Amino acid sequence: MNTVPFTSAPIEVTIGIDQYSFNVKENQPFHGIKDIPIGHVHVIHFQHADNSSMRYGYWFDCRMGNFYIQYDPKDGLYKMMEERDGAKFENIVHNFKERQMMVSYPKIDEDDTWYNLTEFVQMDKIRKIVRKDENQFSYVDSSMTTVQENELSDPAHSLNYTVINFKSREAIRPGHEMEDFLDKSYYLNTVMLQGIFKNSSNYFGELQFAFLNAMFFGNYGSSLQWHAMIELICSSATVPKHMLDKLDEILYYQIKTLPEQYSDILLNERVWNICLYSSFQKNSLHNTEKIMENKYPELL
Amino acid sequence: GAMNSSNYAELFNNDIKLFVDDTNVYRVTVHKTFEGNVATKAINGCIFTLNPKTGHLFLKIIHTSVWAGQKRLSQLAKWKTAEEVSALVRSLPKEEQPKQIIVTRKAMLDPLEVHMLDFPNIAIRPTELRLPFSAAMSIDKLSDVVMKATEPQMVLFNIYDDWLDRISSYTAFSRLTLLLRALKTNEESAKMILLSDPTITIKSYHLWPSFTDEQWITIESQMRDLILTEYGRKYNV
Ligand SMILES: O[C@H](COc1ccccc1Br)CN1CCCC1
């Protein structure tokens, strides 16, 4: 169990921690979140009571430092910060637990939701996508764009997801134009998995972070990445049987966790009706197909 | 973007463009088998690639051997069309390569785009037009050549014969499409129209008769009346 204390809550804000969230009222006595499970990455995020525009948040791992939140009134936002003095830190936390000004990470013991959503997500990879290497944590918000999106304007504040493009020379070998494009096994297996990702787990982590960034901040380029990385697999006739089985679980929990009312912006009709009903892997997503059809039949 | 009735004069500017129609690439007769089932037998086809400005038409004859042992042939045709168009482009010198290629059927966008990735500065466009280039096999000498072909083969010529010597490309293209559109609606009649007078001959290297300006007007009018006619006979109007 670890802790993210807050200096204070000067402004009314909705606070997000992983899939949970609670309302904090302006200058209520609040001083942060305790009992945060060690062992997974996490994301604390924020939506100010005034400007529902811009959700923003920080990914982090209590293994990699003592981190706290402090509202900054020049810049207008709750800022994450690392405390180098470990003794100073335990002291403050203990002070706040004794006075009981911390809410508790409220995990049910039967619940593997967060783990399932972050199974392959690792801080080091996130920090290669959100380059800000003076911080051990990584900032993200609604309006950030992707490298691929800046090619179709500030490069330091971008999401450097892996560029996937089905109509590219990377995707498409000379003389196998129709073969490579209609069956993306090459692209998937050799170019991306063997070439760029190394293993299936790194691929899946990027895919899980893309999705969470889309769902927690409605980051639009993240969503496109997510659907892109799904689509490549579904459009490849040759996939390791183990990767297919893990994808099906991965997508199941995503679809399970999605707000019913946010579904219409975050689910791409074409990709899913293609993956589930047209692509090579139409038969291979039993759990994903069952929950999609019982929850969002309108999309299909 | 898409090519339609508005941005129509862009065909006649000085930007090198080609049109690609694939409708006659993959052609079959349907027949009964001895056991009472149905089967397809395939016949020669042809990729119709047309510079609407200069009148240049490079026909790419598609020999039935290209299909042998292949599955999903209607799909492969589109890939083969784009393979052949790309190969054409690649053979032309740089200054002759087209800046746009407009396909008559949206199915050819992806095959082509994929095949052209090496040519990022060539725009692949669809069109909203109902263009009648599929009737190109109703032009007699073209029907005999594609049919008589025994191997893959490419014909280089001009599809407006010598018209540009006396008319502009806009008018030349409009005459082309009128005759084509008439050949499509009622080939027998349209052809009867074009050949009634036995003294107006077709040259060795020409598809259309050697009409005079005066004569072209009679003809164009008659093909008008025909296309208007053949519409009535259909919709009973
Ligand atoms: O082969 C050519 C005639 O054919 C064409 C003429 C001009 C453009 C295209 C074609 Br194909 C010579 N011969 C005269 C009549 C028989 C063939």
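We count ligands from 1, going down the list as the structure has it; atoms in each ligand are counted the same way. Each chain gets a letter, A, B and so on, in the order the sequences are listed, and its residues count up from 1.
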Exercise for review: Start with the C-alpha gap between A:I255 and A:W272, add the side-chain angles, then the distance that decides, and say whether side-chain contact (heavy atoms from CB on, under 4.5 Å) holds.
Suggested key: CA-CA 12 Å; A:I255 307 301; A:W272 283 100; 4.1 Å; yes

Practice item. Over all heavy atoms of both residues, which pair between A:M144 and A:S158 is shortest? Give the atoms and the distance, please. Key: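 Between these two residues, the closest heavy atoms are CE-O, 4.3 Å.
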
For [atom], closest protein heavy-atom neighbour:
atom: atom 4 (O) of ligand 1; value: B:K141 CB, 4.0 Å
atom: atom 10 (C) of ligand 1; value: B:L142 CD2, 4.1 Å
atom: atom 2 (C) of ligand 1; value: B:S204 O, 3.9 Å

Practice item. For B:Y205, take its heavy atoms, then give the atoms of ligand 1 lying under 4.0 Å from any of them. Key: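 Near B:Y205, the atoms of ligand 1 are 6 (C), 7 (C).
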
**Study point:** Salt-bridge contact B:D21-B:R105 (side-chain N to carboxylate O under 4.0 Å)
**Key:**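 A salt bridge is absent here (no side-chain N lies under 4.0 Å from a carboxylate O).
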
Point to revise | Charged N-O contact under 4.0 Å between A:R270 and A:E231 | key: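 Yes.
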
Check your understanding: Taking atom types as modelled, is there a side-chain donor on A:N219 or A:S222 under 3.5 Å from an acceptor on the other?
Key ->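 Short answer, yes.
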
Check your understanding: Can a protein heavy atom be found under 4.0 Å away from atom 8 (C) of ligand 1?
Key ->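 Protein heavy atoms within 4.0 Å of atom 8 (C) of ligand 1 - there is at least one.
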
